[PDB]
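Novice:
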Ligand SMILES: *[C@@H]1O[C@H](CO)[C@@H](O[C@@H]2O[C@H](CO)[C@@H](O[C@@H]3O[C@H](CO)[C@@H](O)[C@H](O)[C@@H]3O)[C@H](O)[C@H]2NC(C)=O)[C@H](O)[C@H]1NC(C)=O
Ligand SMILES: *[C@@H]1O[C@H](CO)[C@@H](O[C@@H]2O[C@H](CO)[C@@H](O[C@@H]3O[C@H](CO)[C@@H](O)[C@H](O)[C@@H]3O)[C@H](O)[C@H]2NC(C)=O)[C@H](O)[C@H]1NC(C)=O
Ligand SMILES: *[C@@H]1O[C@H](CO)[C@@H](O[C@@H]2O[C@H](CO)[C@@H](O[C@@H]3O[C@H](CO)[C@@H](O)[C@H](O)[C@@H]3O)[C@H](O)[C@H]2NC(C)=O)[C@H](O)[C@H]1NC(C)=O
Ligand SMILES: *[C@@H]1O[C@H](CO)[C@@H](O)[C@H](O)[C@H]1NC(C)=O
Ligand SMILES: *[C@@H]1O[C@H](CO)[C@@H](O)[C@H](O)[C@H]1NC(C)=O
Ligand SMILES: *[C@@H]1O[C@H](CO)[C@@H](O)[C@H](O)[C@H]1NC(C)=O
Ligand SMILES: *[C@@H]1O[C@H](CO)[C@@H](O)[C@H](O)[C@H]1NC(C)=O
Ligand SMILES: *[C@@H]1O[C@H](CO)[C@@H](O)[C@H](O)[C@H]1NC(C)=O
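Protein chains in written order, with the numbering used here: chain A, 1 to 316; chain B, 317 to 632; chain C, 633 to 948; chain D, 949 to 1115; chain E, 1116 to 1282; chain F, 1283 to 1449.
Next comes the structure, spelled out in structure tokens:
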């Protein structure tokens, strides 16, 4: 008897997948859905890229020696590194991380002089912790001392209008001396106040002199503070010592992204999702590599693998 | 041969939809799932509604001139506007936004006198920045000066118990004068402290006098601070100048919602999901209008449109 | 005619469930998916468990009387209670909740002496608010007074290196006296500063003396502050009064979890998801008991019940 | 000449979703079938009731358009909100995709159920032509066509005759 | 008289999900079919294993019942948590709805598969009655009914006789 | 001896997903069927296009690996992120499970559709053997097997002969 049979294909090596109803049912074919594959490099093709290396991001605004190349840097992609430091003379920024988040998407910075000038004080405060050709200081700032040791410090006001169309990033410092003796040697006796107001912003600052742990030969510290000054607004600085004054305001250039990483740049490969270990190049919807990956990324998931079937049940 | 056929309907103009397996398969009918339609007005039917206009929300507690109508306002729906200002004499609240979030769901406020009285000082501090019929001040507060110019300022303590059953909102101010000369003209020489403790709360305040940018004729600033005083607890205010004292405590009435908007009220239409551009009236599960919409809302999504099929495949 | 019929089972009294297409279709059987069942006890079997009772968690670091049993406690599961208090002499921690979150997952604490010694001052500050056998103080701290009433307070520096391999938790206090008269009786005249620097951390402190509400007989307050001191780093304390000094640093033991609860421990039942009302023992994927439940938990959902079908349509 | 669902749909079937087209000596005719139509409509209406739900949860401003909140917390809020938007966007897309597949399949299935029902009431008195019709191997006047439609057709009445014409 | 799944279920089928009811001279009888029953049970058990999973992720307090955290961060936490609750509530609802539809359909499908299997082993020796039964056009004693159930029925043995009674 | 899909698959069918195995005097042969194959492939490819989408939303660092953010806000961020990870992990698992069920069923359904198509073009000239084949009750040479495959087989041509051999 003549007959015709209908059938479908099959193979000996089925791939196991999961369904609503069964774990490890075999299908003819399947494809991975969770990315595990990583390129151990920063794929920068098509993007202006700044590798800050020794230079801390916030340092680009104040300008310790490590950051000299980057005082007006310009970028699409910004890479911070572990060894980066924001300082030379010991100290830290208040609200540091917010400010980092601003600079990471800033496109870089452009610097304008604020035009302060000074009478009856010194301006060349310096220290062995910030060294270029011997003792020096933060490039974008001026360490104002009294005119001579112990001498009194003229009370002063200085202001600056932001005449541009974007907001201006303003930064200053409070010097906290290793002793009260050093505070007087530098700014003279009396207590010391520093007051800073725009219109949008009012705040105030007293130095806390006192012994601390010696960091880079230094027992003193510099508190850095900052604000955004709106277009046409003015910032005014009233003070009588312990003031580290800005020489230049900063302005944000455009748009960028910043990452933190421990691997080389590679301008020959292209990418859009990054993490500390490299770049994730992948069309898969999900990934199991790093939950803190940034850019335009597959969604991070707990599972190593989720196979998606791309053929029928295998019945061999 | 007689025959009977089974069939289904169809039309020439199918609607295209997406499925698990195919983009743009045609069906006989479909309905939108993502709301794009907006009523350019605040639909307030059935709700007591306060349009603060010129008056800043936080201003209802302190009472600059713009807020005179609203010192004891009462509402279900509260609308803030762009032009609203919390102040007359320049200054800002510390923790402002938290306090806004409290007032937005407060139902409004009811004001009780705290019953402070005063000896050997003045009470009628005033300024051209806060004007009613000529120079005046924040309605709910008292600007305490020294008796006579340069005169000394008696150290003082004043307290207030919350004898109600709900917590009481307490507010006070620190006056930061445009110079040290003005600070002495007002409260006399010497340094100046203001200390504020309930039991639940301890904090302290020094004025920072100094030049700032002139904001509506004023170089000075008033820092406003606040706390919640628990039922039966007492707040006590120790101070010797630069203190802007509360005359009245506030109490929250019930429940409300607050929005920020740029469009008219309309009591004739009804609604429950609002945003800056109007009200979203819709039974759809999703919307693509504004991610910050508030009330009881469809879920915000990225897509303009997601059609849901409401008939079969179209095979014409 | 002989015949054979195919059929399926059914019951009177089906269970109603929902589907994509229909509300309340009856099936032969179904099972709940949302947990509502609660064990009104903390199931601690297999876990070292500390019930802090009268003792506030942060109090384990400073050591008011209530916390004497727990100064070096050790645990897998830590239970806080409503009546717990961190203090004896009134006051609070700054950044309190962060510190609680650290101690809850700490495994408990181990205490090392910081080895401070003192010359030309007293050390036995005490108060009726902290009582053991009569007047006493925080066990882990030393209330430093001037050598005699009104007497001047030698300016001092004291430091401590963390020579262990983990970070050390350091705690100190600022005494805010009920008046300026009491501040002087205790530490003498003059203003008073306390400055605290590691390398990683710089901050400063002035006392605010002034009248406050009397809390357990006391008009004064103690501000507690803290930091993590990194391995090999030093913390240094410069100060001239109003300083409540640490005697011992703390170190975290291992891992734990902490809960807040109002019900008894039970070592005979076992569990891993807890809330204020008890323990939730359940294999169900979801729960409708408490949204703040912690541990390893079913996901909290709004609905009381979602039945999942475990048989076919019922057609009786 | 006349064809069924295996070929295509009927742009002219206007008072139903599913129906019958017959051909006999009295001519040609089309009638809608109510139960199968209503069954598909009820099922779709079920979905609508499920997906038109209005949320009962209220949300408030956490953010401010007029006076921006501090940057750190504002960025955390923005990231939280964006992540949530991803989730809802993915859910919405999936739901619609999934439901549409299901709506399509459900409607096919209802046509299927009607055809296999008719096949069974015709027993041995007809054959499948392969376009979704049956060749009936006997004379079926308008009343006999109506009895198939309202499910009263008795196959034994026409059997001996039909069985014969198939041989 | 007896009927099958197209009409309704069998409240009396007690030792299986799917089964056979027969009618012959020796009388009436009902037996469960093990493989189709167990296949539906295995499949449902598969779902249970998937949806009874216990999460391995641990969460800790971010908030405090006894001493409230600062308002701003407390509101942000509350909004984050509420948004997450919406998500899980929607997911839970959808999952159950979707799985129930699938459970129902799966069970139908298993009945379907059993019926179309039997139809095929009976070949030309029987006809569909339209309630889910077969009229067998020959005498089928208890042993012959048992051979259909355990899939050993040989249609050629009964063919010439059955073919004839259908004519 | 030859069998179809009801028993098992064909490890030897290499140039298609679905196919025909025939047996006649000229011998044995296997050919793939293009349309049913391509229909299943298109449908799967549809899923791939849907699930290979690349998100367009950008996310930035909210956190810092080198210098840890304050503990309170860091814990809130970590809890928010962990909750989100739960959601995506659950979604991913469900999606794949759900799609795989659907892929399996879809492929069965396409085999089903091909078999029931063939059954209908063979009309009264063949019978179902129960393994996925048809016993054809007439001589079908290589060309006649090819006409069934490309859907040109005219059943009336072979009817009178076939009808007879099955009676
Ligand atoms: C088993 O399944 C895999 C995955 O579905 C099959 O491989 C896939 O084959 C398609 C067919 O073209 C590939 O498409 C390609 O897309 C890229 C996207 O940019 C394009 O550049 C290529 O030109 C092409 O159009 C697809 O990417 C490929 N995927 C993978 C991961 O290999 C495979 O063929 C199947 N195996 C068998 C035996 O059927
Ligand atoms: C194509 O599909 C749409 C949407 O499914 C059909 O319109 C809908 O028809 C239903 C059936 O009555 C309407 O129900 C009504 O709801 C309102 C609102 O509460 C109620 O007040 C009415 O009494 C009634 O119950 C439904 O609203 C309506 N939806 C829309 C968006 O128009 C439409 O008729 C379909 N077109 C065809 C040709 O079938
Ligand atoms: C209707 O449905 C319920 C729920 O699906 C059926 O009860 C369930 O039956 C299974 C089968 O044994 C139980 O498995 C058990 O697991 C536990 C613990 O892992 C083990 O100790 C037991 O010995 C057993 O293997 C399952 O737990 C059980 N679930 C519940 C909530 O009771 C029920 O039997 C069905 N009813 C009818 C009338 O069919
Ligand atoms: C800002 O600019 C406008 C004109 O450009 C001027 O009228 C206004 O007074 C300015 N304000 C300040 C504070 O300079
Ligand atoms: C609060 O007031 C009540 C009077 O109702 C009083 O008995 C009690 O002493 C007060 N609270 C405290 C802690 O003293
Ligand atoms: C937060 O989001 C809005 C748009 O969603 C944007 O205009 C705003 O500046 C964002 N804020 C920050 C701090 O990035
Ligand atoms: C947060 O939620 C709880 C209940 O979910 C409520 O009791 C509490 O007051 C809320 N917190 C704030 C800060 O509004
Ligand atoms: C946040 O997460 C990372 C791992 O994701 C961990 O190393 C870090 O310590 C966490 N932060 C806190 C504050 O627990």
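Just so you know, even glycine gets a beta-carbon here, dropped at the ideal spot from N, CA and C.
1) Alpha carbon to alpha carbon, how far is residue 1177 (chain E) from residue 1192 (chain E)? Give it in angstroms, no decimals.
2) Does the Cβ of residue 1198 (chain E) lie closer than 7 Å to at least one heavy atom of ligand 6?
3) Does the distance from the CB of residue 753 (chain C) to the CB of residue 777 (chain C) come in under 8 Å?
4) Going by the CB atoms, is the gap between residue 236 (chain A) and residue 529 (chain B) shorter than 8 Å?
5) Compute every distance between the C-beta of residue 1183 (chain E) and the non-hydrogen atoms of ligand 7, then say whether any falls below 7 Å.
6) Return the chain-ordered list of same chain residues with a C-beta closer than 6 Å to the C-beta of residue 827 (chain C), the five sequence neighbours on each side being excluded.
7) By the 7 Å beta-carbon criterion, what residues does the stretch 449 to 474 of chain B contribute toward chain C?
8) Just to confirm, are residue 575 (chain B) and residue 590 (chain B) a CB contact at a threshold of 8 Å?
9) Starting from residue 144 (chain A), trace the alpha helix (DSSP H) both ways and give me its first and last residue.
10) In angstroms with no decimal places, state the Cα-to-Cα distance between residue 295 (chain A) and residue 84 (chain A).
11) With DSSP collapsed to three states, give me the class of residue 562 (chain B).
12) Flag this pair as touching only if the stretch 541 to 549 of chain B and the stretch 468 to 484 of chain B have three or more C-beta atom pairs under 8 Å; answer yes or no.
13) Name the chain B residues that come within less than 9 Å of residue 970 (chain D), Cβ to Cβ?
14) Pick out every residue whose C-beta is nearer than 5 Å to a heavy atom of ligand 2: which are they, in chain order?
15) List the endpoints of the continuous alpha helix (DSSP H) containing residue 1220 (chain E).
16) If I measure Cβ to Cβ from residue 155 (chain A) and keep anything under 6 Å in the same chain, skipping five residues before and after, which residues do I get?
17) Verify the CB distance criterion: does residue 1190 (chain E) have a CB-CB separation below 8 Å to chain B?
18) Using only the heavy atoms of ligand 1, determine whether one of them is closer than 7 Å to the beta carbon of residue 336 (chain B).
19) Residues of chain B with CB under 7 Å from residue 844 (chain C), in chain order?
20) Can you check whether the CB of residue 579 (chain B) is closer than 8 Å to the CB of residue 398 (chain B)?
21) With a cut-off of 5 Å, give the chain-ordered residues whose Cβ is closer than this to any heavy atom of ligand 7.
22) Mind listing the chain D neighbours of residue 652 (chain C)? Cutoff is C-beta to C-beta under 8 Å, in chain order.
23) Would you kindly report the start and end of the unbroken beta strand (DSSP E) that includes residue 367 (chain B)?
24) Inspect the beta-carbon positions of residue 933 (chain C) and residue 1207 (chain E) and report whether they are closer than 8 Å.
25) Against chain C, with Cβ distances strictly below 8 Å, would residue 1171 (chain E) count as a contact?
26) Counting only runs that start and end within the stretch 81 to 140 of chain A, where is the alpha helix (DSSP H) found for 4 or more residues in a row?
27) Inspect the beta-carbon positions of residue 1329 (chain F) and residue 336 (chain B) and report whether they are closer than 8 Å.
28) From the DSSP output, in three-state form, read off residue 940 (chain C) for me.
29) What is the DSSP secondary structure of residue 485 (chain B), counted as helix, strand or coil?
30) I'd like to confirm something about residue 1330 (chain F): is its beta-carbon nearer than 7 Å to some heavy atom of ligand 1, or not?
31) Can residue 25 (chain A) and residue 11 (chain A) be called in contact, C-beta distance under 8 Å?
32) I'd like to check one pair, residue 35 (chain A) with residue 280 (chain A): are the Cβ atoms closer than 8 Å?
33) So, under 8 Å CB-CB, residue 1181 (chain E) and residue 1361 (chain F) are touching, yes? Tell me the CB distance rounded to an integer number of Å.
Specialist: Straight from the coordinates:
1) 8 Å
2) no
3) Contact: yes.
4) yes
5) The answer is yes for residue 1183 (chain E).
6) Taken in chain order, the residues that qualify are 836, 870.
7) 473
8) yes
9) Looking at the DSSP string, residue 144 (chain A) is not in any alpha helix (DSSP H), and its letter there is neither H nor E.
10) 22 Å
11) strand
12) Yes, the stretch 541 to 549 of chain B touches the stretch 468 to 484 of chain B.
13) 318, 319, 320, 321
14) B:345, B:347, B:626
15) 1186 to 1236
16) 240
17) yes
18) no
19) 513, 518, 552
20) Contact flag unset, no.
21) E:1189, E:1193
22) The contacting residues are 994, 995, 998, 1047, 1050.
23) 365 to 367
24) Yes.
25) yes
26) Those alpha helix (DSSP H) runs which fall completely within the stretch 81 to 140 of chain A and span 4+ residues are 96 to 104.
27) yes
28) strand
29) strand
30) Yes, the Cβ of residue 1330 (chain F) comes within 7 Å of a heavy atom of ligand 1.
31) no
32) yes
33) Taking C-beta atoms under 8 Å as the contact rule, residue 1181 (chain E) and residue 1361 (chain F) fail to qualify, at a distance of about 19 Å.
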